[PDB]
Amino acid sequence: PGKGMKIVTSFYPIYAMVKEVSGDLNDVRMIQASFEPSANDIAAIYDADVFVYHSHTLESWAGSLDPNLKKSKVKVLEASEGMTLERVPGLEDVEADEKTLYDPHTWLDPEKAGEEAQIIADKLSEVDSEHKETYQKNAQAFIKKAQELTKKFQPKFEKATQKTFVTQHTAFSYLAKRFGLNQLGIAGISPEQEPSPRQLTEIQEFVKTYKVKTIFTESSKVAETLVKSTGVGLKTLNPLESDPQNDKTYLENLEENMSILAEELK
Ligand SMILES: [Cl-]
Ligand SMILES: [Cl-]
Ligand code: NA
Ligand SMILES: [Zn+2]
Ligand SMILES: [Zn+2]
Ligand SMILES: [Zn+2]
Ligand SMILES: [Zn+2]
Ligand SMILES: [Zn+2]
Ligand SMILES: [Zn+2]
Ligand SMILES: [Zn+2]
Ligand SMILES: [Zn+2]
Ligand SMILES: [Zn+2]
Ligand SMILES: [Zn+2]
Ligand SMILES: [Zn+2]
């Protein structure tokens with residue numbers, strides 16, 4: 001190993017949490033909603049030492065990887081293995097295609113983000129046991145700063161008179177459950193899931209019922225159709241599914257969106 005292990009990550013939260021757990025160690029990079037990585041990414045995955053993805057409920061293509069058939073030494077790691085996933089909003093009481101029932105957007109909960117960084121540190125310690133104390137020490141520093149981020153915004157959401165907000169797609173369910181908030185997504189779990197006409201009417205009644213004055217968009221066009229039907233304002237709220245391309249850490253990018261949400265709910 002020149003720079004250490006060659007680690008490849010699925011998307012931005014996994015790339016950020018692996019990079020901060022590894023720290024100075026290894027060579028961490030990220031492959032280039034729709035998902036389906038290119039032909040070169042899968043080739044780069046089989047040429048790497050470690051590949052880390054979030055969950056089978058998100059990167060469904062990760063389950064088709066067969067390192068034994070391709071004669072590859074890549075060790076695929078599911079960063080959220082063992083974490084308890086909540087039901088998809090609107091499907092809580094469904095008894096059971098089944099992958100559509102569980103919500104994967106846990107990285108937006110500061111507590112569950114630290115839980116995923118610990119699993120990454122544990123799984124990296126099972127592959128690279130010599131540096132196990134560096135992975136755990138970097139993870140505990142990430143968990144500590146995440147738990148302090150939760151303690152900081154917990155009183156900020158308790159005093160909020162408005163605890164209901166609407167976002168571009170159903171991605172902030174874990175964040176709302178962390179601070180006792182209520183949320184509704186225009187689109188479903190995936191941004192491609194366009195609302196049906198009957199569902200759009202429910203979003204209209206939902207905004208009117210709980211006096212929602214703001215729809216949080218992403219940096220879609222169905223959201224621009226309801227700004228006339230509801231008269232709400234538009235503010236940005238990044239679910240951190242794409243790289244913000246800045247010089248902030250993951251928890252700093254997460255805190256920024258939390259501060260945008262907390263100032264609006266007051
Ligand atoms: Cl329920
Ligand atoms: Cl998604
Ligand atoms: Na509900
Ligand atoms: Zn799994
Ligand atoms: Zn539960
Ligand atoms: Zn229920
Ligand atoms: Zn039954
Ligand atoms: Zn090492
Ligand atoms: Zn070393
Ligand atoms: Zn601190
Ligand atoms: Zn999403
Ligand atoms: Zn900084
Ligand atoms: Zn801070
Ligand atoms: Zn401010």
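Numbering of ligands and ligand atoms starts at 1, following listing order. Along the sequence shown, residues are numbered consecutively beginning with 1. Below, each value reflects all heavy atoms present in this structure, side chains not excepted, and no hydrogens, waters or symmetry copies.
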Polar side chain donor-acceptor pair, [X] to [Y], under 3.5 angstrom:
X: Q140; Y: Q118; answer: no
X: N253; Y: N246; answer: yes
X: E59; Y: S10; answer: yes
X: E116; Y: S80; answer: no
X: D122; Y: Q136; answer: yes

- Task: Keeping to residues at least two apart or across chains, list the ring pair (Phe, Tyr, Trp, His ring centres under 6.0 Å) pairs with something in residues 158-194.
- Result: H105-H169, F157-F179
- Message: Listing by chain and number, which protein N, O or S atoms are under 2.8 Å from the Zn ion (ligand 8)?
- Response: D128 OD1, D128 OD2, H131 ND1
